[PDB]
Amino acid sequence: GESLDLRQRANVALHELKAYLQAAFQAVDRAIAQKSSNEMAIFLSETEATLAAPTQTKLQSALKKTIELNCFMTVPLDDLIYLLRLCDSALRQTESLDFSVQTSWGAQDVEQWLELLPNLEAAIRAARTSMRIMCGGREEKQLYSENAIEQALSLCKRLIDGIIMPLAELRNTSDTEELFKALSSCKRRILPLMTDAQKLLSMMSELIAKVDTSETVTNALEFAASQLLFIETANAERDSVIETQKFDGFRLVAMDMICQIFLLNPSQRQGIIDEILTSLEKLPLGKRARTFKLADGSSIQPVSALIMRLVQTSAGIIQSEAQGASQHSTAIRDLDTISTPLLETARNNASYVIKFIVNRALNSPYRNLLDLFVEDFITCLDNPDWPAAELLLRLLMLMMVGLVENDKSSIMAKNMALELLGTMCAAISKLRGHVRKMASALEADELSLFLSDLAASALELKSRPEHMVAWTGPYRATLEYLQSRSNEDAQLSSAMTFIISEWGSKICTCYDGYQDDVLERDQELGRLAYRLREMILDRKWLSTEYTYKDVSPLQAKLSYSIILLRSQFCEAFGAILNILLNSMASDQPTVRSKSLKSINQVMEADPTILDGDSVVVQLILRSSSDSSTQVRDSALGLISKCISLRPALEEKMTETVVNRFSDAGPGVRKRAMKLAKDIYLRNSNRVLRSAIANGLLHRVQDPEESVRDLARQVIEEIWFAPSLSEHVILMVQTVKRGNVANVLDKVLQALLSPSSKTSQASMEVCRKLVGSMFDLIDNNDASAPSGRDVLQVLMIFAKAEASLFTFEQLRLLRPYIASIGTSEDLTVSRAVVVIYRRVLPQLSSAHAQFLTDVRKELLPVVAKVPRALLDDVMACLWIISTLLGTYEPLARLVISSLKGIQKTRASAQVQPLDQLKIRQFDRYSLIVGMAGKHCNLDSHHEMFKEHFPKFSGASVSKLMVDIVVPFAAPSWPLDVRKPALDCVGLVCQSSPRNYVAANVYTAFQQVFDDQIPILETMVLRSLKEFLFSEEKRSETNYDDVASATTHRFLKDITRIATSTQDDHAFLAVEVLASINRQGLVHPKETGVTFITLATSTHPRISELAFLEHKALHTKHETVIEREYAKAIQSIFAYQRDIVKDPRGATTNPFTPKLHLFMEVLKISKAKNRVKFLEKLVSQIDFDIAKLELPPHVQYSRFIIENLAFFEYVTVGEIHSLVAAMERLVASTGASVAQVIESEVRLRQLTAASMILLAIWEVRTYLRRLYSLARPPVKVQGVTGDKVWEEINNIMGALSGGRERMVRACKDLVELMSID
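Residues numbered from 1 in each chain as written, not as in the entry; some residues may be left out. Heavy atoms only, no water.

Per the deposited record, X-ray crystallography is how this structure was determined, to a resolution of 2.7980 Å.

Right, here's the structure in full:
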C-alpha cells in the first residue's frame, strides 16, 4: 500500500536505502568489535570487514530504486564513499586469489574450493555495487575510480576463464568423473555464484554506456564476451553440472555486451565484426553447430545471431501532426534526413560482414562458414525478430549477381556465385509459396482480410507503395506483434527500431516516387512522416500515443512476409531465376547439377511459376535441345518434374520427349522413351499414346543395340501384356499414323518366336487381339476405327504369324474378295488378298469348295486391277491352286494372254497398232509376267504344247520370254517396250536361267545402250529382286548365272549409279551393293566407286555406299591401300561433275568431303593413315607444263580445303602432315619462286603460286589451330572462317585483274625469301 505519485515513491526508496545502509554499516561495526562474521558482514582482519553477497544484493536493488526515481542525488555523499571503501576491501581480498576450477581436481578439492565462495561472491557483488554507484549520474569525483573498473574487469576475466567455461565444458568422463559428480553434489551452492557473475557482466555492459571508459577496458570486455560467446553448453541436461539454460544466459549477456561495445565505438565496428568472424574460424567444427534456439523453434549458430544483432543495432520544421499533413513535403524531407543515416549505417555494417566472408571465401577452408552463415540467414529470412537477414542476403545477392555479370571474373567466383544464387532463389520461392498459403486462409478478421488482399496484390508485381506503408498496414502489425512479445529484450527492441527505420524510409520512397499531386494521399503520407519521425526519436512513442489490437503470430508472419516480397532481395527473384536457368547449360559438372537441384527446389516450393507464360517451362524445353548431351539428358528430368507438378503441361511436353527419340546420344534416347513409357501409362489420350507408340516402334531399327532391346521391352509391356478394344484401337491409330509396318511385323516375330521369354503366354493375347479386330468388322455409330485401317494392322499380323487366324474370320472378309473387281479402295483389297495369301496355306481342313469359289471370284479381276495388287492376287491364285489339286485355270489364263500377245504381233503386221491395242498388250504382258513371277507351271509342260504346237523344252518360262522379248526392240514404241521388258523381268527374276539366254540379254544390252531411264529401271528392278533373293538364299543353284549377267552388265549399272544423284541412281547402287555383298565381283572393280558414292549428298546413296566401303576395307585393306590416288581423283571428279560443288569441304559445320574416307581409316590405325595424308600432299605437287582455273589448281584447292579440317586423332599425324606440306612448299616453291624472280605465261606462274600460298595458308592455320604423339587438342578461338575466306581470296587471283595476278607471284617470292 505504498504505490503513490513519483514524489512520495522517491522519498520511500530514499528512506529504505538509508535504513538498510545504516543497518549494513553498523553490521560492519558489530563484525569488527566482535571478531566474528555477522549475519550481514564478514570479518577478515581486526581492522577490515566487508559486506556479504546477499546484503550487497539488497543494497544494489535499493540503489537501482533511487536511480530510477531520480532521488539518488540526495543520498549523503560521505556515506557513499564508505560503501565504495567496503567494496574496495571485498575486492582487494580476492584480487590475488585463484578461485579457478581444475579438471584434475578430486571430490575433496571442491570442498576446499567451496570455502572461497563467501569472499568471492562478496567481491563479485561488491564490484557490481561500485559500478552501479558509478551509473547514477552524480558529479562528485570521489564516486568514480578507474581502479574499481579495473578490479571488476579482472573478476570478469578470471570468472570466465576459471569457472564459467570449465564448468560448462566439464563432462562425465572416466578421467573427470569424480569432479563432475562432486560439483553436481553442490549445484545449489554453484548457482548463486553464476547469477552473481551474470549480474556483474551485465552491469559492465550498462557501465560502458553511462561513463566514458578507456579503449583497453572495452577491448578486454570485447575479448571476454567474445570468449563467452562460444561457451560449450552440453547437449542434453544429463552431462552438465548445472542447468544448461544458465550458460545460455551467459551467452546472451555476452551478445548484449558485444552489441554495446559495437554501438558506442563506430571507428572500430568493422574491426569487431572482423575479429568475431576470424575467431569463428579458429575453432573445431563441433562448435559451429546451431546451438542458438529461436522462439519460433528453429536454430542458428550463435555467431549468426550476434552478427545480425550487430547489423540491427544501427538504430541503437514541423512540431504538430496537423502541420505535417498540409506541409507533407517538408514532413517527408525531415523524415528522410533522420532515417536515411540509420539505414546507411545498417547497410555499412551488413557490407562489412558480406565483404569479409565472401573475400576470404574466395581469396583464401572458409567457404563452409559462408555456407553456414547463408543457411542461418535464410532460416531467419521471414522472421520479424531478425530483419537483418534480408539485408545481409540482399547485399550478398547483389554481390553474387555482380560476380556473375562481369566476364573478368574467375571460375571459382562464378561457380560460387551461381551455387549461392541457387539457394537464395529456392528460399525466395519457398517464401512466396508460404505467402500464398497463408493468404488463402479464411479468417473473419479485418486485419486478416487486409493482409489477404495485400498479399494477393504483392505476389503479382502490382504497385502499392502506399498500402504497404499504411498506418494500419503490415509494418504496424509487425511492430505491434514485436511490441507485445517485448520491455527489456535488447535484441527484440533493436529489431523494432530497425523495422521502424525501414518503415520511415519506405514512406519517403513512396512519396518521392510519384510525380503528380494527389492531395489526400500526400496528406496521409505527411502524417505518416511526422509519426514515424517521432517514433524514431523515441521508440516508446508508438505504444504511448496509440493503442492497437493484438496480432497473432500468423498475422505477423504474413505481414512481414508481404513486406519482404517488396524488398530489394525478393524482388530480384525473376532476374536471378534466369541466371539459374541459363546456368543449366554450364560447363562444370558441379555447377550444373547444383543448378538443377536449385531449380527443382524452386519448382516444388512454388509450382505456380509453371503456369501461363512460364519462363521455367520455356528454358527447360530449350535445355532439352542443348548442344550438349547430358544437358538434354537432365532436361528430361526437369520435364518430368514439371509434368509431375502440373499434369496439364503433359500433353504439350510429350512432343518434346518423343522428339528426343531421334537424339544423337544413345542414353538420352533411352531416358526419353522410358519417360514416354510412364506418360503412355498415365495419359489415356489416344493421340499422345499413338504418337508415343509410333516413335517407340520407329526406335526398333536403331543403331545401338541396348536401345532396341529397350524399345522391344517397352512395346511388349504397353501393347502385348495381360480395355482390349482400347488396345486394338490404339494399334490401328498407331499404324495409320506413320511408317511402322515392317517394324511392327519384326516386333511380333521377335515376340512370338519359340524358345523365348513368354511366347506361349503372349501368343493367345495376340490371338484375341486379332479376334477382336475381326469382331470390330463382323458388324456402326461411333468414332471407332475404319475397317480399312483395321485391315492394315491385320495385314501385318498375318504376315508375322498366321497361326493366330481362323477360317471363320476369313469368311468375314469373303465379300471383300467378290468386290475386288471394281471396288476402287485398293488398300482393303490388297489387305484381304494378302491375308488370304499368308493365312490360307496354314489351314489344315482344306475347305475345298471355299478355295474353288475364291479362285473363280478372284481370277477375272486379273484383267483390270493395277499391278501392285495384281502381285498379291496372283500370289493368292498360285497358293489356292497348290492347296487344290488343279492348275488348269491358271494355265488357261497364261495361254489366253500369250495368244493375245501373238495376236498383237499379227495385228502390228497390218496397221501400226493404236492407242488401245498397246494397252491390251500392256495387260497381256503384265499377266504373263506376274504369272511367271509367282506360279511356274513347268509341271504342265503338256497343257501348253496343245495350243503352241512348235513348243518343246518343258520350260514355259522360256516360252513366255520367247513370245514377249521380241517387243523390247527399239523398233516398237515406248508404251510397248516398257511392259514387255517389265514382263520378261518378272519372269526372269523367278526363273533366273532365262537371264543368260541370248534372247534376253541382247534386249538388256540394248536397253542400257539406249540410255532410256524408265525401261532400264525395268531391268534394274528385276536384277535387284534376283540378287536380293540370292542373298536371302545364302544368308536350283544360280551362282554361275548371277556371275555371268553381273559381269556382263557391271559397267552399265556402275554408269547409272555414278552419273546422277537421284533415286534412279540409288536403285543402281542398290544393285551394286548386293553384287558386292555377295562377292560376285572382285573388290578392285568396286572399291573406288563406293568410296566415291559415300561423298554423295543423297543420304540413301551416301549411307549404303559408306557401308560397302567400310566393310570392303574391313575385309580387303591390302587392296584399297593401293588405290588411294584413283579414289581421291574420283571423289573430286564426282563432286565437280555430279554434285556440282567442287569445294573441298561443306559450309557449316565445316566438314571435309573425305571425312568419311578418313573415318574408315580410323580402324586401320598405325602409320597407314599418316601416309594417306602424305599421299594427299603428294597429289598437290606439280610440273609446270599442264593446263580458267587450271584443273590441277581446282583439284589442289579441293584437297587442301580438306586438310584444313579433318578431326585428326594424333599430333603425330598432323605433325607429319605439316612436315610434308613444308617439305613440298620448300621443294617446288624454290623452282617456282626462282623462275618468277627471273621471268617476272604470267597466268602459268600465278597458277603455280596460288597452290603454294594456299598450302602454306592451311599450314599456318593448322600450326595455330593446335600447337606450335598422343591425341591432339584444339585451341579456344580458331573457328576457321578466316582460313576459308583467305583461301578463296588466294583462289581469286587468276580472275582479275592482272594486278592481283602479279601480287600472287610477289607474295610467293616473299613467302619463301630466297635471294
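Moving on: the overall build of the chain. Secondary structure summary: the chain contains 60 helices and 4 strands in total. Against the 2.2 N^0.38 benchmark of 34 Å for 1315 residues, the chain shows a C-alpha radius of gyration of 50 Å, more extended than a compact globule. Taken along the three principal axes of its C-alpha coordinates, the chain extends 165 × 100 × 80 Å. Residues classed as buried in the chain amount to 53% of the 1315 residues present. Side-chain charges in the chain split into 150 positive and 157 negative, and the spacing between the mean points of these groups amounts to 7 Å. (Helix = DSSP H or I, 4+ residues; strand = E, 2+ residues; numbered from the N terminus. Rg over C-alpha atoms; globule rule 2.2 N^0.38 Å. Buried < 20%, exposed > 50% of the residue type's maximum accessible area, 1.4 Å probe, protein only. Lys, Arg positive; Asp, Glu negative; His and termini not counted. Charge placed at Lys NZ, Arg CZ, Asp CG, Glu CD.)

Turning our attention to the layout of surface pockets. Over the atoms rolls a probe the size of a water molecule, and in doing so it shows where empty space is left. Estimated volume of the second largest pocket: approximately 920 Å³. For the lining of the second largest pocket, the elements supplying multiple residues, two or more each, are α34 (742-752), α36 (787-800), α39 (826-839), α41 (867-883), α43 (917-934), α45 (974-990) and α47 (1013-1034). When residues of the lining of the second largest pocket are assigned to their parent elements, the largest contribution, 6 residues, is made by α47. When the residues that make up the lining of the second largest pocket are grouped by side-chain class, the tally is 6 nonpolar, 6 polar and 15 charged. (1 Å grid on protein atoms, 1.4 Å probe; cavity = no way out; pocket = protein on both sides within 12 Å on 5 of 7 lines; lining within 4 Å. Points joined across faces, edges and corners; volume = space filled by probe spheres on them. Nonpolar A, V, L, I, M, F, W, Y, C, P; charged D, E, K, R; others polar.)

Here the focus is the side chain of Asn694. Among the secondary structure elements, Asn694 is positioned in helix α31 (residues 686-698). Among the residues examined, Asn694 registers a relative accessible area of 8% and is labelled buried. Every residue in contact with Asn694, bar those within four places of it in the chain, is listed here: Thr734, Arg737, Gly738 and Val740. (Contact = heavy atoms within 4.5 Å.)

A word on the side chain of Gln1244. Within the secondary structure, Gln1244 is located in helix α58 (residues 1242-1265). Overall, the relative accessible area of 18% leaves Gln1244 in the buried class. Not counting residues up to four positions away in its chain, the partners in contact with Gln1244 are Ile1184 and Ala1185.

Turning our eyes to something else, we now look at the nonpolar core. Counting 368 residues, the largest nonpolar core has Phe720, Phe797, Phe805 and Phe944 as its most contacted members. Once residues within four sequence positions are removed from consideration, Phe805 is found in contact with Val770, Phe774, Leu794, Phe797, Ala798, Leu810, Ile835, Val839 and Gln842. Of all hydrophobic cores here, the second largest spans 70 residues; its members include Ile1091, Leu1112, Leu1217 and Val1258. (Core = buried A, V, L, I, M, F, W, Y, C linked by side-chain atoms within 4.5 Å.)

What follows deals with the pattern of salt bridges. According to the stated counting rule, one finds 69 salt bridges in the structure shown. The residue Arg837 makes a salt bridge to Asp872 at a minimum N-O spacing of 3.2 Å. Here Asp872 lies in helix α41 and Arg837 lies in helix α39, a separation of 35 residues in the sequence. Among the ionic pairs, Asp914 bridges to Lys917, the shortest N-O distance being 3.0 Å. Residue class for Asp914 comes out partly exposed when judged on its relative accessible area of 32%. (Salt bridge = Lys/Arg side-chain N within 4 Å of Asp/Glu carboxyl O.)

All right, on to helix α15 (residues 367-379) then. Helix length check: α15 (13 residues) gives 18 Å between terminal C-alpha atoms against 18 Å at 1.5 Å per residue, within 8%. Of the residues making up α15, those classed as buried are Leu369, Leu370, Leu372, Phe373, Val374, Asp376 and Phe377. (Expected span 1.5 Å × (residues − 1).)

Following both chains from N to C, one finds helix α1 (residues 6-33) and helix α2 (residues 53-68) inclined at 155 degrees, their axes separated by 9 Å at the closest point. In this view, α1 runs roughly antiparallel relative to α2, as classed from their interaxial angle. Considering how the two elements wind past one another, α1 and α2 form a crossing that is left-handed. Contacts between α1 and α2 involve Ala13, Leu14, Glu16, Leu17, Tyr20, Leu21 and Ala24 on the former and, on the latter, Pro54, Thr55, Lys58, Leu59, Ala62, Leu63, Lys65 and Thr66. Its residues assigned to classes, the contact of α1 with α2 comprises 10 nonpolar, 2 polar and 3 charged. (Axes fitted to C-alpha atoms, helices over the stretch in contact; angles between N-to-C directions. Parallel < 35°, antiparallel > 145°, perpendicular 65-115°, else oblique. Left-handed = near helix turned anticlockwise from the far one by under 90°.)

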